[PDB]
Each structure stands twice: as structure tokens, then as C-alpha cells.
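Letter by letter, the chains look like this.
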Amino acid sequence: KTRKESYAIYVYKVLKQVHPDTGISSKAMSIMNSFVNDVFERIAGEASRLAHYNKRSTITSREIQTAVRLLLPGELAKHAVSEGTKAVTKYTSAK
DNA sequence: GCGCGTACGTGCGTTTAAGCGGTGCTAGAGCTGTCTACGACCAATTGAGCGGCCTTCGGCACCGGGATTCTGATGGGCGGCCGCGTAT
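Residues numbered from 1 in each chain as written, not as in the entry; some residues may be left out. Chains lettered and ligands numbered in written order. Part of a larger assembly, values for the part shown. Heavy atoms only, no water.

- The deposited coordinates for this entry were obtained by cryo-EM, with a reported resolution of 10 Å.

Comments concerning the protein's contact with DNA strand B
Then comes step 1: In the vicinity of DNA strand B, the residues found are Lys1, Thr2, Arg3, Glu5, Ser6, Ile9 and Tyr10.
Then comes step 2: Take the atoms of DNA strand B that sit within 4 Å of the protein: sugar and phosphate atoms are 100% of them.
Then comes step 3: In this structure, a phosphate oxygen belonging to DNA strand B sits 2.5 Å away from a main-chain N or O atom of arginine 3.
Then comes step 4: The separation between a phosphate oxygen of DNA strand B and a polar main-chain atom of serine 6 is 2.9 Å.
Then comes step 5: Of the residues belonging to the surface near DNA strand B, the class tally is two nonpolar, two polar and three charged. (Near = heavy atom within 4 Å. Polar contact = N/O pair within 3.5 Å; in protein donor to acceptor, adjacent residues only side chain to side chain. Nonpolar A, V, L, I, M, F, W, Y, C, P; charged D, E, K, R; others polar.)

Things to note about helix α2 (residues 26–51)
Each full turn of the α-helix corresponds to 3.6 residues, which orients residues three or four apart in the same direction.
Then comes step 1: A rise of 1.5 Å per residue sets the reference length of α2, with its 26 residues, at 38 Å; its end C-alpha atoms lie 39 Å apart and thus fit the reference within 8%.
Then comes step 2: Inspection of α2 places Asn33, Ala47 and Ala51 among the buried residues, and these make up the whole buried set.
Then comes step 3: In the core, the buried residues of α2 are packed alongside α1 (8–18) and α3 (61–71). (Helix = DSSP H or I, 4+ residues; strand = E, 2+ residues; numbered from the N terminus. Expected span 1.5 Å × (residues − 1). Buried < 20%, exposed > 50% of the residue type's maximum accessible area, 1.4 Å probe, protein only. Contact = heavy atoms within 4.5 Å.)

In C-alpha cells:
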């Protein structure tokens, strides 16, 4: 049949996590995927840009790390890094 | 439109610090050179994800049955009708 994949499974549990027996319209659901896919290119594209400025050829986590910092304002940014840094840190701990 | 008020432009003198070209020093960019770890690629197996399809309980707002309260015809008894009516 057709494809047209989306992030619907990811957005839904997140909302469950923050009000479990709280609801949503089928119109705000796409707004959400539209919103995510939009932020996706915003961050990953910028990573691509720096990589081939100061003369290197792969994109790691550090770059995102840097990228994120100047893409967003002071207070959210730090918490965001923190969360980000740990999630992965744990990831490696396992293996 | 008009009129009041005052603040901001234009000037001079005083004053303060940029810009100039002079030297010295070393830090940090840029180059360079070897290793090897981590990502792309190709393979084969496996279940997360998408289309397709129809689920069940709880909550908003309309509802249900039974005792109880208020309105209506009924009725004997004390009074009043003054006006037609029979008896001597």
C-alpha cells in the first residue's frame, strides 16, 4: 500500500507521560509531527554546516552539542544539554 | 489652528583618549605525520510500525416514580325574601 510514515507513536507516549488520561485532536497530532520534522532539519543541517567549515568530514554528537547551544536561549539550553549528555553517557555505560 | 513651553541644535572653549607607526614577545593557528578506531557496506533474520478496522466505560444532560399539598362541588342550619294567599 502507501507509506507516509510519521512520529505518531513517539508524541503519544510523551503526552501519556505528562497527563495519562488527557486527550488530543487528530488535527493537533499532525501539527506535532510537522513541528518535529521541522526541528529535525533545523538541527541536523546546521551540524552538516560546521563539519565542513573547520575542515572535517563526519558529524558526531559533539557538534550537535555545540549546535544546540547557540540555536536556543540560556535557561532551556543548559537543561537540554544536561539531559542530552546523560542519556548518551548511560547508553555507553551499558554495552 | 494656534499657542506655550522647553528641549535639543549650534558654538567655543576646555579636555581627554583615539589613532599612528615602533618594538617585543610568545601563543595559539596551521601545518604535518603516523595509528587506528568507527562508519559505511553487504548479508539474513526479526518485530516495530502502518493501514484497516471497529471498542467499552464514564460523563454531560436530559429524566422517573411516589407521597403530599392546594383547589373545587357539596350540605345541614340559622336567617331573611317582602309578597301572593286562604279564612273569618
